[PDB]
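S.K.: The structure is given below, and queries will be raised subsequently.
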Amino acid sequence: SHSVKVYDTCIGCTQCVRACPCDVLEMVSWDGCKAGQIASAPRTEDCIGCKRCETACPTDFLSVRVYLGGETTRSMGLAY
Amino acid sequence: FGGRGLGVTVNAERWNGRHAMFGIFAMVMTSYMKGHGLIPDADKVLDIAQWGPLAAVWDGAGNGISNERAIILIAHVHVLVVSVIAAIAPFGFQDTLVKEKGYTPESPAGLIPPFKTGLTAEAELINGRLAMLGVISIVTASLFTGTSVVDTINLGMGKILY
Amino acid sequence: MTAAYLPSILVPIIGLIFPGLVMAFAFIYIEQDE
Amino acid sequence: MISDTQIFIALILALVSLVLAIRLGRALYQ
Amino acid sequence: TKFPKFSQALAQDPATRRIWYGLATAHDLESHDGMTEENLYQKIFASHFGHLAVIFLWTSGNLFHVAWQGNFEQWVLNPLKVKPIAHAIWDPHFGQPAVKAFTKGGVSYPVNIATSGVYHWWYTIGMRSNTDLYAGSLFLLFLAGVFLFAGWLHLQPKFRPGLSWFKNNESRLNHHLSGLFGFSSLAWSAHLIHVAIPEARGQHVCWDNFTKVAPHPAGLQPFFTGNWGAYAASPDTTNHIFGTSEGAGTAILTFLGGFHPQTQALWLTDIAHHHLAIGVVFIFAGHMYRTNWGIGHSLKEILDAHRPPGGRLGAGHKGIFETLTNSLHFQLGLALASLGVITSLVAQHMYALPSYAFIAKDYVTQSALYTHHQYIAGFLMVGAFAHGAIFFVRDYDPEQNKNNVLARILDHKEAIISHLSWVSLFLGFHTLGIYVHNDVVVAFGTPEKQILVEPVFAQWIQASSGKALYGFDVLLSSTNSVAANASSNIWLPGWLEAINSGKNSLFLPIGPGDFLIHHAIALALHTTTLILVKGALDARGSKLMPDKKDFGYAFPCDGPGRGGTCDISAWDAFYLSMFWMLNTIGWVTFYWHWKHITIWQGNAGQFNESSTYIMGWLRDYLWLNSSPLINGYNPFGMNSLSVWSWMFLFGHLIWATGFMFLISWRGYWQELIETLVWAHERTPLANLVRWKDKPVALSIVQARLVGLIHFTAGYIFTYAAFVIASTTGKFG
Amino acid sequence: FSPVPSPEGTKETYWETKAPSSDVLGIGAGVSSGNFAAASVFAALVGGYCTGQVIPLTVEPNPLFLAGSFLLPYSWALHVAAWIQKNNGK
Amino acid sequence: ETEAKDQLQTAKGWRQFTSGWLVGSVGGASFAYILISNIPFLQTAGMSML
Amino acid sequence: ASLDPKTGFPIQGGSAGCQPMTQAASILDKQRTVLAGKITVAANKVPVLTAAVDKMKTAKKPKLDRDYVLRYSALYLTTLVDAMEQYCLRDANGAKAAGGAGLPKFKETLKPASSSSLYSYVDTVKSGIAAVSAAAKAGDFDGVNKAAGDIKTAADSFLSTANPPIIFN
Ligand code: CLA
Ligand code: CLA
Ligand code: CLA
Ligand code: CLA
Ligand code: CLA
Ligand SMILES: CC1=CCCC(C)(C)[C@H]1/C=C/C(C)=C/C=C/C(C)=C/C=C/C=C(C)/C=C/C=C(C)/C=C/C1=C(C)CCCC1(C)C
Ligand SMILES: CC1=CCCC(C)(C)[C@H]1/C=C/C(C)=C/C=C/C(C)=C/C=C/C=C(C)/C=C/C=C(C)/C=C/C1=C(C)CCCC1(C)C
Ligand code: SF4
Ligand code: SF4
Ligand code: SF4
């Protein structure tokens, strides 16, 4: 699977989760940012590696970071 | 691979034994066969015009395979097609070259199998080990002494073949 | 040429049997799981 | 010129080199 | 599911990508699962012994195939007229016209004519018969077996070297300088003095008589008295016929200089004295480092103490010792940069100063050897920068390298890269502009208007070495000079004869075309360096991707965000610079080959007038010399250049096929493949057969590599077919 | 990544002072700066003389003048050592 | 490897299929050889009538 | 029973059993068949020179190639003499030339190649080398041809009186 990380520079804008086509990311409560929430990745096995979450990230360096790793049928986007 | 009867197994020992007994027969038979000139047009060099570029050899004289060598090769091709058909589609009773993955490997014969005068497996293995050694003995004897392998076969048996 | 028979004997073996056999074995090894 | 026996000696030594190559490749592969 | 046994991430991939990536990552032992440093260095050691053996099997094969199928004994009788045979052809696809067309070389069978020069090398070093070429082939088969057994043996538990052994820098340097470089150069002098020198003079010396045949008539008594100049007395006369006793001297060590007048090669006594000098020098250099007896240098102490007190290098080389030793990629990069420069020296010095008898009249061999070693040079130099990029990504620790030369190179990475960008642009704009100026003016019927700039600096260098063509009267060219007077008694008479004579490639005449092409090569070397340096320096990060190090050396991209990040990895700058390497070695070998074929005709002025504009390069080099090559077969027959005629088209095909992988990218191909997966599953009588691995399109990085390989292979095969067939067909 | 070995007796030679410590001179660490400066001038004169007397090189050069001609580059390292020793108070 | 051989998509069944395919293919090739050798029209491309 | 014309190896096997364990041949006899085979190769390459000189003479403008004649002499004629001298050495002194006195060295302290019954043929071949070179300098095509023929007769005579044992081994 791919490995998806969220760094503590996340402002909790929820945009990376909305971008996610594969329900990899979700919002959890976090007191670090003003929004009271940070992104989380409890479903990186469904991560295809599209990196749409990275594009939606408005932080200077993407708080969400996809690291392409081992490929599976799910992470390869194979309908066969 | 090894779990199918391939490698240094008694199945391989038996199969190479069968091939070496046949090979000793074939070497004796071709020695007798070309000693009396019973291979037709043995020296006749095959023409590339009929057979194509597979017939070329590059020997300075003739530049082609001889008819004798082609005939022995065609005999070998006959038993190779038998070999492939027996390997992939064996008989119901025949021993198979590639044993099923889950099989019981036959016990190794040891230094000497028990002697049975009939058409037994033990007799096959003894003769097969002797014939494989015999193939090495003739091939080395011919190599060492600078004689044709047909000639050393004839010399060992006291020139009975020719 | 001395041993002129050897190019006729080896070039088809090395050029057809060798790849065929090693491709067959390589195919079996890459596909196999255990 | 090279004899057929000389070519056979070269083929023997290259077979010994092939066996040592197999043994090194199996050792490197573990 | 178990083929990449070194990679569980690939061995669980259900696609065809697993096979490709397991094949492509096989030799990257550092990335293998559960890899310790002990096991890494011990597998590299054993696989280095396997490379040693492959080289020896390759050399034994060349010797065996020439001893068996070549015409070496016919060639050594008459080396200027007989064409050397590489090996015979047994091809069952040949027609009888093809069999007849390849039956040259004085033999009765089809053959390839050797362009490798091995006949000239084996002739020069002593080999006379097929029996000793075969004996060399046998000895190399034995050595290949010895090094295969050594590779297996040093994988055995008691014989496994420790990491302390693998990083003993001082003992390895002492032994490689004094034993591997120096003593084997000294032993090579012994081979020349004991074997090659007597057999160049007609006297056979083999293992059968070499302990009872003295190389010198006096014989090891002048050496053990200090009367060393007695070994230079009575050199080979100018009447010497190589291989025979007529005109032969008795000297075994000389500094005559220039070339043997018949073979047009360097004197073998000069070569024997060269390896004796360079041997003693390297042996002395191999006593530099401290190993076990308290004398010598510690490499750590030398590197730590070389920080200039002005502070301009920062901490200097503090910590460079550890970085080098711990980083196999830093070592590979130093080794490959060093080796790439040498094989460029090999290419440049072997055409201008040939060492082999009757080569430099084998124009095909000279062209093939130069082209071969320059392409090897470009590959080694690009790989050196590649492994410097891999070093920065994988092995470079900034904390261990604080304010070093390495940190301070990264600190000004933008000054380095922007000034390489400037010099590349500078040279490119002007060199192309002058070339286009020349093309436009010549096209407009005004060749005089061409901007032709004389290569005065290089001509001054030629004159400084004694060329009298330009009338500089500098150093050696001036008869009454300190430099000229000093070498007059030793090497200058021969060198002046060699340089001034126009029969050799030593300091070939240079004019405006030479200037323009040298500037083109400067643009190419600077631009390949720009791409490679930009890749190495930005390997660990950039403004576009700050955390690039975390992704590795070879990754596809960071996605379409931040504007687009295609070809952002350091591997992708290797990929892009590989085209620039091919382009520069193209410019170098096109220049070398065109200048040499024009000189070899006796028509050097045709290069002098046509090389200053690009249509001269197109019509007078590529189009004019294509005609023997592309007529290797036609509807009127074929000749022995048909194979190069077929290879030339084959190179054009591979090269163009590479464009498919480089222009068309993955999403198109994955959508094709999904329709093929549908079609196979829906086709009756065919859906009985199922793939074990799901067919996927090639990866982004993999297709860049596949297109690069196809581009490169097409480049090599096209040019090799051209440089060999045009020179063979023309013979001049 | 693993301990990198160095020969026994390897000591620290990194310096940021005016001159390196005399330990960078190895076996010449105890030589006075006057002794290096005099050896440096002596080596420069004898090396330059021995070099000069065999500038037209013959097939019979004097081996002592060849060996003595090696003192000219050796004199360079000698005066660098002289500078290091004077700036260490030696 | 499974005990059942009644289907092609089994190890034993595909081995039986391969066995049959070899015997059939060599026999069919032989049958074609016998027929073409015996019949002159088959030796030509259908131009024997012409 | 004889030595191959080109490769020079033993040709046919034809208690003095040829097989290695039972071989009755000495290492001296095996060295003698090696030397005799080398003599055979060098002597059988004399027709090649004769053919080349005939091609040179029948050309439209004929010139003797001193380089070819001298290089052939250096490659084969000098080799033929050295092989014959070694056979004479082994015939005269005996086992000592086979390594019985040690490594080949100066002052080997063994009976010379001269004083051998077969040495006179070696003198004939040495005269042939001198004639081949003298004719090549002179430009005399016929001289090279006859001189090579003299060498060929001498080498064949050497082998006939030598009666070398052929060790197939
Ligand atoms: C590695 C160098 C090398 C190369 C490139 C070749 C190339 C060739 N050889 Mg071989 N050969 C070599 C060494 C080599 N030879 C050596 C050292 C010997 C002495 C034993 C021979 C003996 C030999 C014979 C007797 C014949 C050839 C022939 C041929 C030709 C057809 C191929 C064939 O039948 O191979 C057969 C070759 C062998 C059975 C010997 C093994 C060759 C080497 C030792 C293998 C080394 C492999 C390499 C180092 C790495 C392998 C891995 C690689 C795939 C990455 C071809 C031109 C045939 C020929 O001339 O036709 C025109 C032929 O009949 N070769
Ligand atoms: C590199 C080595 C090599 C060699 C030695 C050959 C040899 C041959 N090829 Mg070539 N071929 C090769 C590579 C090679 N091929 C490659 C790489 C390609 C693709 C570009 C081709 C494409 C090609 C075509 C398109 C044709 C040939 C043909 C031929 C045959 C020559 C014509 C003749 O006399 O017909 C006489 C030929 C025969 C009587 C056929 C003999 C059949 C053999 C002996 C049976 C072998 C059993 C098989 C190998 C089992 C292997 C199983 C596997 C595990 C290895 C001959 C068998 C022609 C042909 O097939 O001939 C009919 C032909 O039409 N070849
Ligand atoms: C005298 C002692 C000695 C010698 C001879 C060697 C020799 C070698 N060692 Mg070393 N080694 C030694 C002691 C020694 N070792 C010690 C003491 C240690 C422990 C501290 C090591 C530790 C060590 C390691 C860890 C490794 C080696 C390796 C090697 C091999 C280098 C690969 C190669 O082919 O380069 C050959 C290089 C040359 C012949 C010189 C290069 C010539 C330059 C580049 C240009 C000259 C061009 C010239 C004209 C040549 C022309 C050729 C002709 C065609 C014209 C080489 C055989 C490596 C290897 O491959 O393992 C087997 C390796 O990994 N060694
Ligand atoms: C007049 C404005 C200007 C100035 C002062 C510079 C200054 C510099 N540029 Mg250039 N550059 C400019 C415009 C300018 N740039 C433009 C418009 C482009 C896009 C084509 C570039 C592209 C560019 C590259 C690609 C490179 C530089 C480099 C450099 C540096 C080396 C000097 C050199 O060789 O120039 C070289 C100049 C060029 C290659 C392009 C010239 C572009 C035209 C001629 C100038 C534009 C005129 C502008 C419209 C004036 C309008 C003002 C008017 C309204 C009053 C230096 C910092 C090099 C560097 O980093 O080396 C240290 C380098 O590699 N520049
Ligand atoms: C003929 C083919 C060609 C040409 C000319 C170039 C040109 C260049 N390449 Mg490219 N490249 C090519 C093929 C080519 N490449 C290929 C096939 C590859 C493989 C992918 C690469 C990969 C590559 C990389 C990876 C790099 C380059 C770099 C460079 C520059 C190197 C020379 C330089 O710095 O200044 C020379 C400048 C020129 C030759 C430009 C010509 C000047 C123009 C034509 C002025 C004309 C004005 C005119 C009025 C325009 C009319 C337009 C009309 C519509 C009005 C330059 C822009 C490097 C770079 O940018 O360094 C700074 C770099 O990093 N190239
Ligand atoms: C890339 C590669 C992979 C893994 C890592 C690696 C190991 C380091 C590397 C090395 C690869 C290497 C080094 C590969 C080396 C490959 C080699 C050397 C192959 C040699 C093959 C020789 C053959 C088959 C000759 C057989 C002769 C015969 C049967 C003659 C027999 C006989 C005749 C007729 C006469 C005598 C009697 C008999 C015995 C009867
Ligand atoms: C990218 C990368 C990252 C970090 C790690 C890394 C691997 C190290 C690195 C790679 C770096 C790489 C790949 C570096 C490549 C570096 C290269 C190729 C350096 C070339 C150096 C050549 C020199 C200094 C020639 C000097 C000639 C002279 C002085 C001749 C003098 C003369 C003589 C004697 C004779 C003639 C007269 C004159 C002219 C006077
Ligand atoms: S987008 Fe970047 S910032 Fe907005 S939530 Fe997802 S991670 Fe946190
Ligand atoms: S990569 Fe595509 S899938 Fe994986 S997390 Fe970012 S958005 Fe969701
Ligand atoms: S195009 Fe291919 S490479 Fe360029 S960004 Fe999108 S994915 Fe990465």
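Following the order of the structure tokens, chains are lettered A, B, ..., residues in each are numbered from 1, and ligands are numbered from 1.
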Give the residues close to ligand 1, within 6 Å, counting only C-alpha atoms and all ligand atoms; write them as a list in words.
M.R.: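 Sorted by chain and then by number, the residues are residues 6, 7, 10, 11 and 14 of chain C; 10, 11 and 14 of chain D; 54, 57, 58, 60, 61, 64, 88, 89 and 90 of chain E.
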S.K.: Please, which residues have at least one atom within 10 Å of an atom of ligand 7, using only C-alpha atoms and all ligand atoms, listed as a ChimeraX atom specification?
M.R.: /E:323-324,327-342,380-392,396,406,409-410,461,464-465,529,532-537,539
S.K.: Once you have the residues from the selection above, write them out as a compact mmCIF listing (two decimals), in the first residue's frame, restricted to N, CA and C atoms.
M.R.:
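Here's the written file selection08.txt:
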```txt
# COMPACT_ATOMS: atom_id res chain seq x y z
N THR E 323 32.59 10.15 5.17
CA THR E 323 31.56 10.18 4.09
C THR E 323 31.98 9.26 2.94
N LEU E 324 33.18 9.45 2.39
CA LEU E 324 33.70 8.60 1.29
C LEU E 324 33.63 7.12 1.69
N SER E 327 30.15 5.73 2.16
CA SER E 327 29.27 5.83 0.97
C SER E 327 29.84 5.10 -0.24
N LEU E 328 29.28 3.94 -0.57
CA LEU E 328 29.68 3.25 -1.79
C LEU E 328 29.32 4.03 -3.05
N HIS E 329 28.31 4.90 -2.96
CA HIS E 329 27.89 5.70 -4.14
C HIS E 329 28.90 6.83 -4.38
N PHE E 330 29.43 7.42 -3.31
CA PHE E 330 30.49 8.46 -3.44
C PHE E 330 31.72 7.81 -4.08
N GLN E 331 32.07 6.60 -3.62
CA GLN E 331 33.24 5.88 -4.19
C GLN E 331 32.97 5.55 -5.66
N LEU E 332 31.76 5.07 -5.96
CA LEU E 332 31.43 4.67 -7.36
C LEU E 332 31.52 5.92 -8.24
N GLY E 333 31.01 7.05 -7.77
CA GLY E 333 31.07 8.30 -8.52
C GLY E 333 32.48 8.79 -8.77
N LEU E 334 33.35 8.72 -7.75
CA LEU E 334 34.76 9.06 -7.94
C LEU E 334 35.42 8.10 -8.91
N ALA E 335 35.13 6.80 -8.78
CA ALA E 335 35.70 5.76 -9.61
C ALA E 335 35.26 5.90 -11.05
N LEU E 336 33.99 6.24 -11.27
CA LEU E 336 33.45 6.32 -12.61
C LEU E 336 33.87 7.62 -13.29
N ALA E 337 33.96 8.72 -12.54
CA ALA E 337 34.46 9.97 -13.10
C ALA E 337 35.90 9.84 -13.52
N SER E 338 36.67 9.19 -12.66
CA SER E 338 38.07 8.91 -12.90
C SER E 338 38.24 7.97 -14.10
N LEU E 339 37.46 6.89 -14.13
CA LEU E 339 37.50 5.93 -15.23
C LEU E 339 37.01 6.54 -16.54
N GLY E 340 35.97 7.37 -16.50
CA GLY E 340 35.45 8.02 -17.69
C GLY E 340 36.45 8.96 -18.33
N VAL E 341 37.19 9.70 -17.50
CA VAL E 341 38.26 10.55 -18.01
C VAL E 341 39.35 9.69 -18.64
N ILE E 342 39.66 8.55 -18.03
CA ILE E 342 40.71 7.69 -18.59
C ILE E 342 40.30 7.07 -19.90
N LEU E 380 30.30 6.28 -18.66
CA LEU E 380 30.95 6.31 -17.35
C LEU E 380 30.85 7.68 -16.70
N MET E 381 30.92 8.75 -17.50
CA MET E 381 30.88 10.09 -16.91
C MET E 381 29.49 10.46 -16.43
N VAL E 382 28.48 10.07 -17.21
CA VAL E 382 27.09 10.27 -16.81
C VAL E 382 26.76 9.43 -15.58
N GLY E 383 27.25 8.18 -15.54
CA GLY E 383 27.05 7.35 -14.37
C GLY E 383 27.72 7.85 -13.11
N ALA E 384 28.86 8.51 -13.26
CA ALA E 384 29.53 9.13 -12.13
C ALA E 384 28.68 10.22 -11.52
N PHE E 385 28.08 11.05 -12.37
CA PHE E 385 27.19 12.07 -11.83
C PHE E 385 25.89 11.48 -11.30
N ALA E 386 25.42 10.38 -11.90
CA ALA E 386 24.25 9.67 -11.40
C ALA E 386 24.49 9.14 -10.00
N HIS E 387 25.65 8.55 -9.77
CA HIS E 387 25.91 8.00 -8.46
C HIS E 387 26.33 9.06 -7.46
N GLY E 388 26.76 10.23 -7.92
CA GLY E 388 26.83 11.37 -7.02
C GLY E 388 25.46 11.85 -6.56
N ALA E 389 24.47 11.82 -7.46
CA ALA E 389 23.09 12.12 -7.07
C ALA E 389 22.54 11.08 -6.11
N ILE E 390 22.82 9.80 -6.38
CA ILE E 390 22.42 8.71 -5.49
C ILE E 390 23.13 8.82 -4.15
N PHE E 391 24.39 9.27 -4.15
CA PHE E 391 25.12 9.55 -2.92
C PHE E 391 24.42 10.61 -2.09
N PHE E 392 24.04 11.72 -2.72
CA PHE E 392 23.40 12.80 -1.98
C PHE E 392 22.07 12.35 -1.40
N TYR E 396 24.39 10.79 2.03
CA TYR E 396 24.92 12.06 2.51
C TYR E 396 24.20 12.45 3.80
N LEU E 406 31.58 19.60 0.81
CA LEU E 406 30.31 19.06 0.33
C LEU E 406 29.10 19.91 0.75
N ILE E 409 29.33 23.20 -1.18
CA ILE E 409 28.88 22.98 -2.59
C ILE E 409 27.35 23.03 -2.65
N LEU E 410 26.66 22.38 -1.71
CA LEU E 410 25.18 22.44 -1.63
C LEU E 410 24.73 23.85 -1.27
N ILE E 461 49.37 25.57 -28.82
CA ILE E 461 49.68 24.36 -28.07
C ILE E 461 50.37 23.32 -28.95
N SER E 464 53.78 24.60 -29.58
CA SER E 464 54.55 24.46 -28.36
C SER E 464 55.10 23.05 -28.21
N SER E 465 54.43 22.06 -28.80
CA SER E 465 54.89 20.68 -28.84
C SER E 465 55.70 20.38 -30.10
N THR E 529 26.70 18.40 -18.13
CA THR E 529 27.09 18.67 -16.73
C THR E 529 25.99 19.47 -16.03
N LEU E 532 23.19 17.03 -15.18
CA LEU E 532 23.67 16.10 -14.17
C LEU E 532 23.95 16.77 -12.83
N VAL E 533 24.57 17.94 -12.86
CA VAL E 533 24.86 18.73 -11.67
C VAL E 533 23.57 19.23 -11.04
N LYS E 534 22.61 19.67 -11.86
CA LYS E 534 21.30 20.07 -11.35
C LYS E 534 20.60 18.89 -10.71
N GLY E 535 20.74 17.71 -11.30
CA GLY E 535 20.19 16.52 -10.69
C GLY E 535 20.84 16.14 -9.38
N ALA E 536 22.17 16.22 -9.32
CA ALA E 536 22.90 15.85 -8.10
C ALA E 536 22.67 16.85 -6.98
N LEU E 537 22.75 18.14 -7.28
CA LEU E 537 22.59 19.18 -6.27
C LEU E 537 21.14 19.31 -5.81
N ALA E 539 19.05 16.84 -5.85
CA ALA E 539 18.61 15.48 -5.53
C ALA E 539 17.89 15.41 -4.20
```
S.K.: To one decimal place, how far is CA of residue 165 (chain H) from CA of residue 41 (chain H) in Å?
M.R.: 16.5 Å
S.K.: Enumerate as a list in words the residues within 9 Å of ligand 10, counting only C-alpha atoms and all ligand atoms.
M.R.: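 After applying the 9 Å limit, what remains is residues 50 of chain A; 556, 557, 558, 559, 560, 561, 563, 564, 565, 566, 567, 568, 665, 666, 667, 700 and 701 of chain E.
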S.K.: Taking only C-alpha atoms into account, which residues of chain C are within 12 Å of chain B, as a ChimeraX atom specification?
M.R.: /C:1-12,25,28-29,32,34
S.K.: Okay, now the selection with C-alpha atoms, as an mmCIF file, in the first residue's frame?
M.R.:
```cif
data_model
loop_
_atom_site.group_PDB
_atom_site.id
_atom_site.type_symbol
_atom_site.label_atom_id
_atom_site.label_comp_id
_atom_site.auth_asym_id
_atom_site.auth_seq_id
_atom_site.Cartn_x
_atom_site.Cartn_y
_atom_site.Cartn_z
ATOM 1 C CA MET C 1 37.889 -25.112 -40.154
ATOM 2 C CA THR C 2 38.641 -27.721 -37.518
ATOM 3 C CA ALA C 3 35.602 -28.872 -35.512
ATOM 4 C CA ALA C 4 33.422 -27.270 -38.255
ATOM 5 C CA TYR C 5 30.591 -29.564 -37.016
ATOM 6 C CA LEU C 6 30.476 -27.658 -33.662
ATOM 7 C CA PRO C 7 28.945 -24.366 -35.071
ATOM 8 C CA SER C 8 26.141 -26.422 -36.718
ATOM 9 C CA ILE C 9 25.684 -28.400 -33.417
ATOM 10 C CA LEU C 10 25.927 -25.437 -30.948
ATOM 11 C CA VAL C 11 24.466 -22.331 -32.656
ATOM 12 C CA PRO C 12 20.923 -23.872 -32.879
ATOM 13 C CA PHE C 25 12.314 -21.983 -16.315
ATOM 14 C CA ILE C 28 8.016 -20.932 -13.941
ATOM 15 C CA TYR C 29 10.182 -19.241 -11.304
ATOM 16 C CA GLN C 32 5.542 -19.525 -8.738
ATOM 17 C CA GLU C 34 6.346 -20.803 -2.912
#
```
S.K.: Excluding residue 52 (chain A) and residues on its chain fewer than 4 positions from it, collect all residues at most 12 Å away from it, counting only C-alpha atoms, and give them as a PyMOL selection string.
M.R.: (chain A and resi 15-25+47-48+56-57+62+64-66) or (chain E and resi 558-562)
S.K.: Mind listing as an MDAnalysis selection string which residues of chain D are within 10 Å of chain H, counting only C-alpha atoms?
M.R.: chainID D and resid 1:6
S.K.: Hey, which residues come within 10 Å of ligand 6 if we count only C-alpha atoms and all ligand atoms? Could you give them as a ChimeraX atom specification?
M.R.: /B:135-144 /C:10,14 /D:4-29 /E:46-58,61,141,144-145,147-148,151-152
S.K.: Return as a ChimeraX atom specification the residues of protein, DNA or RNA that approach ligand 5 to within 6 Å, with only C-alpha atoms and all ligand atoms taken into account.
M.R.: /E:421,424-425,428-429,527,531,576-577,579
S.K.: Sorted by chain and rising residue number, list the residues of chain H at most 8 Å from chain E (counting only C-alpha atoms), each with its closest atom pair and distance in Å to one decimal, as a Markdown table.
M.R.:
```
| residue | atom | partner | partner_atom | distance |
| --- | --- | --- | --- | --- |
| H:67 | CA | E:241 | CA | 6.7 |
| H:68 | CA | E:77 | CA | 5.8 |
| H:70 | CA | E:244 | CA | 6.4 |
| H:71 | CA | E:77 | CA | 5.5 |
| H:72 | CA | E:77 | CA | 5.6 |
| H:74 | CA | E:202 | CA | 5.2 |
| H:75 | CA | E:128 | CA | 6.8 |
| H:78 | CA | E:203 | CA | 7.8 |
| H:79 | CA | E:204 | CA | 7.4 |
| H:103 | CA | E:211 | CA | 7.3 |
| H:104 | CA | E:212 | CA | 5.3 |
| H:105 | CA | E:212 | CA | 4.0 |
| H:106 | CA | E:212 | CA | 5.1 |
```
S.K.: Just give me the gap between CA of residue 513 (chain E) and CA of residue 608 (chain E) in Å, one decimal is fine.
M.R.: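 A separation of 6.2 Å between them.
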S.K.: Select the residues contacting ligand 3 at a distance of at most 9 Å, based on only C-alpha atoms and all ligand atoms, then format the selection as a PyMOL selection string.
M.R.: chain E and resi 41-42+44-52+55+121+147+150-151+161+164-185+338-339+342-343+346
S.K.: Output the contact residues of chain E with respect to chain C at a cut-off of 9 Å, based on only C-alpha atoms, as an MDAnalysis selection string.
M.R.: chainID E and resid 1:4 11 18:19 68:69 88:92 107:109 692:693
S.K.: Pick out the residues no farther than 12 Å from ligand 8, counting only C-alpha atoms and all ligand atoms, and list them as JSON, numbers by chain.
M.R.: {"A": [4, 5, 6, 7, 8, 9, 10, 11, 12, 13, 14, 15, 16, 17, 18, 19, 20, 24, 25, 26, 27, 28, 29, 30, 32, 33, 34, 35, 36, 37, 38, 39, 40, 41, 51, 52, 53, 54, 55, 56, 57, 58, 59, 60, 61, 62, 63, 64, 65, 66]}
S.K.: One decimal, in Å: what's the spacing between CA of residue 418 (chain E) and atom 62 (C, counted along the ligand's line) of ligand 4?
M.R.: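 That distance, rounded to one decimal, is 4.6 Å.
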S.K.: Check every residue of chain G for an atom within 8 Å of chain B, counting only C-alpha atoms, and provide those that qualify as a ChimeraX atom specification.
M.R.: /G:1,15-16,18-20,22-23
S.K.: The selected residues should be written to file as a PDB file, in the first residue's frame (atoms: C-alpha atoms).
M.R.:
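The result, written out as selection-v7.pdb:
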```pdb
ATOM      1  CA  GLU G   1      -2.389 -29.441  -7.647  1.00  0.00           C
ATOM      2  CA  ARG G  15      -1.874 -32.071 -18.033  1.00  0.00           C
ATOM      3  CA  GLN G  16      -4.369 -34.477 -19.673  1.00  0.00           C
ATOM      4  CA  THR G  18      -1.651 -31.128 -23.038  1.00  0.00           C
ATOM      5  CA  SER G  19      -1.139 -34.885 -23.445  1.00  0.00           C
ATOM      6  CA  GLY G  20      -4.106 -35.088 -25.795  1.00  0.00           C
ATOM      7  CA  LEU G  22       0.436 -33.366 -28.345  1.00  0.00           C
ATOM      8  CA  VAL G  23      -0.908 -36.738 -29.528  1.00  0.00           C
TER       9      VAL G  23
END
```
S.K.: For chain H, which residues have at least one atom within 9 Å of chain B, if we go by only C-alpha atoms? Write them as a ChimeraX atom specification, please.
M.R.: /H:10-14,18-20,167-169
S.K.: Between A:73, A:44, A:1, A:80, which has the minimum distance to ligand 9 (counting only C-alpha atoms and all ligand atoms)?
M.R.: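 The answer is A:44, which sits nearest to ligand 9.
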S.K.: Counting only C-alpha atoms and all ligand atoms, what are the residues of chain C within 7 Å of ligand 2, and for each of them which pair of atoms is the nearest and at what distance in Å, to one decimal? Sort the table by chain and rising number, as a tab-separated table.
M.R.:
```
residue	atom	partner	partner_atom_place_in_ligand_line	distance
C:11	CA	ligand 2	5 (C)	5.6
C:12	CA	ligand 2	5 (C)	3.8
C:15	CA	ligand 2	2 (C)	3.9
C:16	CA	ligand 2	2 (C)	5.4
C:17	CA	ligand 2	55 (C)	4.1
C:18	CA	ligand 2	55 (C)	6.9
C:19	CA	ligand 2	55 (C)	6.9
C:20	CA	ligand 2	55 (C)	3.8
C:21	CA	ligand 2	54 (C)	4.9
C:24	CA	ligand 2	54 (C)	6.7
```
